[PDB]
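Working notes, structure below.
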Ligand SMILES: O=C(O[C@H]1CCS(=O)(=O)c2ccc(Br)cc21)[C@H]1C[C@]2(CN1)C(=O)Nc1ccccc12
């Protein structure tokens, strides 16, 4: 798995991308690794934020599916013509694959200036692929076409005129034991659509938020690599901030900081991480009654930003934000750990990363088991609308 080690690059808060080549002869692109979508979509026309793009015309292997695709997220929209081509991950498994490609012809607030990515690699399930579940996702194609085991793991690692460079690893087909320390704990994938988990309990410096666990998973809890922040639902974010503020009461920060719209600065290397609390998310274990906690350090939820003016100071952005689409375990969470997407066994494993950011007093931890007798169902049931009820799947 060494050839796959350090295969992810990127800028802080703009995403982790993997180099892929599309077509015959292979056109090389930088593709955003995203676990909260199921589409393999690439820039196929000029755009001001696009250095290069996919040119179908120059591929002997390109096939037009004579069908269009339109994908609007809550933050971003893209659209294009669907087809298939030969896809390969240079610094991934030594395999070439015939995959569905969505050639992005028009987009809106999707591509990021200087992010260095020309497309998206939707690693989630068919159940969320567009225009429907019959459009086979890349990973699904990779497994059906090769002998590649139905699993992948991500090791996302953190970090003055440009943003700070990020590194990381995408291991397709297995687990790399040198990427983690300690035990690898698993949480069931609730449903195969998004990589859905169930958070059963939350604690800020040991102090339980004391909320009804369904609120932690309202309306869903997902693991998304294409999200920078730990996005929580309105009620949970409110409780979390009230608590974080309480532990960091010695120093008073502006309101714009908690809304993640402003930095806070301390003289180089004088940052008081000690005054900041740990967030422990308790995830539902493989055994019913059982759970394990993933502990996150202020070094994860406080993203550093080196401002051109305040270059002599260490400035940070509060990387916990509000969400209406549920809890999102983005890069903030992921950076501390080695995350295993064990699709084969319908589960997600976490272990302490061999690359995470920490201080001499505290360390990001994966600990368990924690038993809870007569524990309620923490998962939420999304009201079934007439649009979702109308659908047919054979
Ligand atoms: O979670 C995700 O997508 C979800 C978001 C909630 S949603 O409900 O807007 C939605 C809808 C359909 C699909 Br497929 C995925 C998603 C994906 C898409 C995501 C982040 N990760 C994004 O939201 N903007 C953006 C912009 C550039 C690159 C990636 C993204």
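When we count neighbours, we look across all protein chains shown, and the Cβ atoms used for this are built from the backbone with ideal geometry, even at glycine. Values quoted throughout were computed directly from the atomic coordinates according to the rules given, and no laboratory measurement underlies them.
Exposure proxy shown here: for 388, 169, 12, the number of other Cβ atoms within 10 Å sets the order, fewest to most, as 388, 12, 169.
Peptide packing: for 203-214, 41-52, the average count of neighbouring Cβ atoms within 10 Å per residue gives the ranking 41-52, 203-214, highest mean first.
A simple spin-label model places pseudo-atoms 7 Å from Cα toward Cβ; at residue 262 and residue 73 they are separated by 2.8 nm. Residue ranges 230-239, 329-338, 262-271 sort as 329-338, 230-239, 262-271 when ordered by packing (mean number of other C-beta atoms within 10 Å per residue, highest first). Using a ≥ b ≥ c from the Cα gyration tensor of the stretch 97-226 (square roots of the eigenvalues), is it rounded, prolate or oblate, where a/c under 1.5 gives rounded and otherwise the larger of a/b and b/c decides, a/b for prolate? Rounded. Give the separation of the Cα centroids, the stretch 189-240 to the stretch 137-155, in Å. Cα centres, the stretch 189-240 to the stretch 137-155: 27 Å. Eigen-decomposition of the gyration tensor built on the alpha-carbon atoms of the chain gives equivalent ellipsoid semi-axes of 34, 25, 20 angstrom, largest listed first. The simple spin-label model puts a point 7 Å past each Cα toward its Cβ; for residue 1 and residue 61 those points are separated by 2.6 nm.
Within the chain, what percent of beta bridges assigned by DSSP are antiparallel, to the nearest 5?
The antiparallel fraction comes to roughly 85 percent.
The slack between residue 105 and residue 127, meaning 0.36 nm per residue of separation minus the straight C-alpha distance, is 5.5 nm.
Under the classification rounded if a/c is under 1.5, otherwise prolate if a/b is larger than b/c and oblate if not, where does the stretch 16-148 fall, given a ≥ b ≥ c as square roots of the Cα gyration tensor eigenvalues? Since a/c stays below 1.5, the shape of the stretch 16-148 is classed as rounded.
Comparing Cα centroids, the stretch 328-353 and the stretch 118-134 end up 19 angstrom apart.
Peptide packing: for 253-260, 375-382, the average count of neighbouring Cβ atoms within 10 Å per residue gives the ranking 375-382, 253-260, highest mean first.
Using only the Cα atoms of the stretch 148-212, build the gyration tensor, take square roots of its eigenvalues as a ≥ b ≥ c, and label the shape rounded, prolate or oblate: rounded if a/c is under 1.5, else prolate if a/b is larger than b/c, else oblate. Verdict is oblate for the stretch 148-212. Measuring how big the stretch 272-358 is from its alpha-carbon positions, Rg and Dmax come out at 15.7, 53 Å.
Distance between the 7 Å Cα→Cβ label points at residue 191 and residue 357: 3.5 nm.
Entry note, the chain: the mean residue ellipticity at 222 nm calculated from DSSP H runs of n ≥ 4, each adding -39500 (n - 2.57), is -2500 deg cm²/dmol after division by the residues and rounding to the nearest 500.
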